[PDB]
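Here we start with a single chain on its own, the form solved without this ligand, put down as C-alpha cells.
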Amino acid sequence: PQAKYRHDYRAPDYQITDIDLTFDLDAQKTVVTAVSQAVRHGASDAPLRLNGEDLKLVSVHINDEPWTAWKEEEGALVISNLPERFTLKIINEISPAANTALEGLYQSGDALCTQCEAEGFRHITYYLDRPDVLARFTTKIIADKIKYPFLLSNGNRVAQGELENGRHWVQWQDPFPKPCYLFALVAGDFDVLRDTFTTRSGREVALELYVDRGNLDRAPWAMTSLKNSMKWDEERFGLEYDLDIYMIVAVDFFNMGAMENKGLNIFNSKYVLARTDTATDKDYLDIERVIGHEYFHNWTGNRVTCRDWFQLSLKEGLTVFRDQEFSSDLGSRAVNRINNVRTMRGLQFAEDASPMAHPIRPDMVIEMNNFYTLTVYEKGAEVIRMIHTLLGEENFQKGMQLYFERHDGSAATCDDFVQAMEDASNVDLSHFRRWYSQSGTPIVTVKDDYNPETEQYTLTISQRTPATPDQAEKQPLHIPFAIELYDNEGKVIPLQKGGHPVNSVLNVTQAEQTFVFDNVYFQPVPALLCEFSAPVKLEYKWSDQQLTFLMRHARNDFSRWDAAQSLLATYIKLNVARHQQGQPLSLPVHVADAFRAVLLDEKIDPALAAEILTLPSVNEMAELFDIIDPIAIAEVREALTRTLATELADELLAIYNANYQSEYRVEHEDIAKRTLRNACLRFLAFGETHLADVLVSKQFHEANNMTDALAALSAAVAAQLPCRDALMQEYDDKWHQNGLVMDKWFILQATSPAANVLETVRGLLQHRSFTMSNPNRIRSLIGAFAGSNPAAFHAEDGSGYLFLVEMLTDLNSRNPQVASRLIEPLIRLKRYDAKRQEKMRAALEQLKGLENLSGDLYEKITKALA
C-alpha cells in the first residue's frame, strides 16, 4: 500500500460534467451502465485514468464506438487516444451480496444501499473518484417490484415505468453538480414517515424518513430534529434548504454514524430510532446532533465541497462546530461545552500523543478511511471555534457569507476558508494557519505575580508543542487565551493597561510572553483558558482554595466545572501513585467539602451540578499520566466513588429524592434534573450494600423510561450489586429481539469490573443478539471491551491482547474499516509499562503477518511498530 501526499495534488487531466447511471439491480449480480460526458483539460497525449475496485468490466465505448485503446491495471482502467470532448460508456458488474466491507453498493438486511465516502464510488463503476470532479447526475434504477418497491437516489423523480416479469424502474435527477462521494442509491421495502417544512422564503420541502417495516413508532423524534435543524440553520446562519425533497433512510448495517448524500441521507439506525422505553436522554440528544450534523453538511460539504481528501476538516471541523452550536443553542450550552471538552482532553489528546498523530489537515495518507478521526472532527471544530473567538459572531458570519459567495458550487481548500474569514473580518490569520499544519497538543505554562506597590498583575505565559512521531519540527502557535480575574468578593476585575481596556482574549503568539494589567486593586484569583479557549494543556500551579473559590464564584458554568476537574486531577494523581505502593485512598476533608457544597447549593443549575458530580472517565484520567497504569486508574476511580459515597451519603440521598420526576419529558430542564438524580444514584450504588441494592433494583423496576432503567442497570453492574444478574437477565429476556437496545447491554457486559469479564465477553460472541456481520454489535461488545475497559483489556496475563488479535484476524478479511476502528487500543503501546509493551508489540507483529492484510490495518500497525 502506497502513501499519498498532500503536496502532490494536481488538477485532473480530465473532467466529467454529466453522468447518466443505470442500475439493473439484483443482490447477486447488479449491472451498472454509466454514460459520462468528459472534457480534457490536460495534455493532448494524456490518458484518462479511471479508478475502479472489484469490478467486472463488460464493455467500453467512446461516442458509441467500442474502444480498443485501453488497459486495466491495479485499481484502474486507463483509456488512451481520446478526443478533447467525448461520451464515455462503461458497463460493468458488481455483487452487493458479497460486499461485507459495507463500502460501495451493499446489502443491509433485505435492503440495498450505498456508502461512497470517501472512495466507495469506484466499487460501483470506473470513475474519476476524486472530490474535485463535480458532475450532474441522473440515476435510473431497475428492480424487482415486490422485493424493492422503493427505489431512491439523489434529487427528484423525473421518470418511472413498469416492465415485464415483475420489474419496475424510477429515474432521479439532481440539478446540483456533485463529487461522486455524495451519490446514493437505496432499494427496499420501508415504512415511511412523511412531513413538510416551509423555509423562511416560502419553499415547501417534502420530508421523508424511511425505516424498516414496523419501526414507524420510533421515527417522530428524528423528524422533529430535522425540522429543528432546518429552522436553526435559517436563524443562526441564514441558510435554507435548496431542494424539493429531503430523504433520510435508516439502515441497520453501517460502519459509521450517518452520511450527508445530497437530498438522500443514509443513517445508521442508532442515530434515528427512538422511543421512551428504548432510548435514553443521551440517545435523544445524539439523534438531534447527528440529524443536525448531516443537515448542516448541505452547505458545509455539499454546496461547497473538498478539493481533495486532505481537506476533510474543511467540511468536518466546520460541520462539527455547527452541530455543537445547534445543540448548545437548543439545549444547555454549558453541558455541551463540558462534554466536548471531556472528549478533547480524554480522547483527542490521546490520539495526538499516539503513532497515528496528524494535523487537522493531514500531509500523508495510506488509507483515507483511517482519517475520519477525533483530530479531523473534534480538534477541527476547536480550530473553527478559535476563529470564532478571534473574530466574534458578527465577523465570523461575514466570513461564512464570503466563503459561500466565493466557493458555492465548487471544491475548496482549508486555506480558502481561512482566507475568507481573514478577508471578511480584517483579522490577520497568517500565523493562525499553523493550526492546520502542526500536529500534537500544545502545553501552555502560566506563572503570575501580583505587585501591591503598583497594583499590577503580570502573567508570564509560555508555550511548546512536544515533537510527535509524524513531525520533528514544532513552532509556536497563535493561541487565543481567554482570562477573567476575580477579587476577594468574587467580582470580576476590569482588565486594563495604561488607561485603556484590554481584551480578555490574550493573543499568545510567542514561545514566551508577558502580559501586564493595571488598576488591579486586589490580588486576583485567575480563571484561565476560559471556555477551553484553545485546545491546549494548561500548566498553572493552582492552590486547592483558588479552585474551590472558582467553583463557588466563577461567572461561566464551564469555569466552575473546570475548576473542579483541576482539583480532582491533583488527587487522582496522588491516589494512582498510592495504589502502585499498595496504599489506600487519601483525600483531604476540604476536597470532599467542596463537593458537598455543590450538592447542597440551591442556586446552582442542576445541569452543572450533575457534571461536577460526574467523575472523569478512565480515559480522561489516563491523559493525566505519561505512563498509563490502567488497573490503578480503574481501582482509584472506584475507591474515589466509594469514599464520596460514604462522606456524602445523606446529602446524595436527599438530592436523589428531591429530583424525582413522575412525568418523563425530553426537555432540557427535565433532562438536567434526571442527570443529577442519576449522578447521585451512581454514588449511592457504591454505598452500604443493602440500601444500594434496594434503591437500584427499585429504580430499575419502577422506571417509566430507558434513561432511568439503564442508569439503575449500569450502577448494578459497576458496583457488582446482589441484584445484578437478575436485572441483566430481565433486560435480555425483554429486549433480545432489539439490536439497538441490546447494544447498551453488550456495553455493560464489556465494561464490567467483574473478575471474569473476558470469559463473559467471549461467551457473548455466541449470544442470540450478537453477530459479527453487524458493525454496531461488534462495537458494543468487542470495541467496548478493548477501548472502554482498559483495566481488563490490559490484564497482566495479556489475555485482552490475545482476544483482540483473534477478533481482528476475522475483521481484517470481513470489514477492514471496523477492524481499523478496533485496533486503536493496541497502537497506544508506548503509553504503557515495558512488560505490557512487549505483549502488545507481539500482538501487532502477529497481525502484521496476516495473509491479505488490509491497507487499513497496515497503516496503523506499521506506525505503531516503528
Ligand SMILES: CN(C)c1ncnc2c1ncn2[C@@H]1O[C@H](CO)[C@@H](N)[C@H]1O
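For every residue, the number given is its place in the sequence shown, counted from 1.
We do not show the form deposited with this ligand bound, though everything after this point is about it.
Residue stretch of 142 to 150, 127 to 135, 286 to 294, 77 to 85 approaching this ligand in the entry with it bound, non-hydrogen atom distance within 4.5 Å: Stretch 286 to 294 is the one.
Any chance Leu568 has a heavy atom within 4.5 Å of this ligand in the entry with it bound? Result no; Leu568 lies far from this ligand in the entry with it bound.
Even though the partner isn't displayed, in the entry with it bound is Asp323 close enough to this ligand, meaning a heavy atom within 4.5 Å? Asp323: contacts this ligand in the entry with it bound.
Does any part of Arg836 reach within 4.5 Å of this ligand in the entry with it bound? Heavy atoms only, please. No, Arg836 sits far enough from this ligand in the entry with it bound that none of its heavy atoms falls within 4.5 Å.
Partner contact for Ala482 in the entry with it bound: this ligand, 4.5 angstroms, heavy atom: No, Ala482 sits far enough from this ligand in the entry with it bound that none of its heavy atoms falls within 4.5 Å.
Looking at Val505, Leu429, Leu374, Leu193, which is the one with a non-hydrogen atom within 4.5 Å of this ligand in the entry with it bound? The residue in contact is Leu374.
Using a 4.5 Å cut on heavy atoms, which of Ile91, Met256, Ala649, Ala795 is close to this ligand in the entry with it bound? The residue in contact is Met256.
Taking this ligand in the entry with it bound, which residues of 802 to 833 have any heavy atom within 4.5 Å of it? Residue within 4.5 Å: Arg821, and no other.
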